[PDB]
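Here we start with a single chain on its own, the form deposited in one PDB entry, put down as structure tokens.
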């Protein structure tokens, strides 16, 4: 760790504190991740150490490279490759003009490819979000910081606790599903797809209940008709307000029909009815895909 000179704070997260560092020996710039441990009342730090190393062999052009893991003391560090910008800073710097469709489509195609990859290895991300997506000058985009089945260590008290932004969280996770599948990542990606098009978060909930109701008000309240088993779910309540379903024309304009269709299959309430990453790659929406490069101010 002392073999890395910090440059600046590159990011955050519930899992740790991301920094832009330079290898004192190599010279190459990396993205070092500080993960503090709770030696007061620790739990399965060895069960995790193995789940982290399984990520080192997870190489794909659309997945940020985990270079190496260094466990020294009360801290655990993850050395990642560095890209020049996260999709949040880019979207914000594009709120005025809007990310061109060819670029939005290129991005979705790659994300779906990398997501399709890690999925075929029974690996999920669980916490997809624009700040976790890294882009470069050459027009590529990668998925970053794959969350574990159960995070660990010690939460941040300065950044303001553990649970913060739950805008792209799937309804099954909100309804209490403890054994969720690859579908949670697709929902999240579907929410990012929409935000990139409309230039406004699809479902910007403050809390869990608000997130869930924010989804209900737009896609209508789920029932046994559209989501078999929804009412038997751990956190469902018969007293849930019953809202009407809205047209995607009103939800994601001016996305063409090809886009609204694909996004509609990504935001299906029923996890088992939700479109798979590799299935979404064959969608007609990707008929005329290309890889244009972004305009970046670094």
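In this text, the rigid core denotes the largest set of C-alpha atoms whose superposition between the two forms falls within 1.5 Å. Positions refer to the first chain, counted from 1.
From this point on, the text means the form deposited in another entry, which you will not see here.
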With the core superposed between the shown form and the other one, a CA shift of at least 2 Å among 231, 26, 272, 246 belongs only to 26
>> Superposed on the rigid core, does the Cα of residue 262 end up 2 angstroms or more away between the shown form and the other one?
In response: no
### Message
Taking the rigid core as the reference frame, tell me whether residue 144 has a CA displacement of 2 angstroms or more between the shown form and the other one.
### Response
no
- Item | Yes/no, residue 116 Cα shift of 2 Å or more between the shown form and the other one with rigid core fixed | no
Quick read on residue 150 and residue 185 CA atoms in the other form, 3 Å or more from the shown distance, and they're closer
One pair moves by 3 angstroms or more in the other form: the C-alpha atoms of residue 160 and residue 185, which are closer
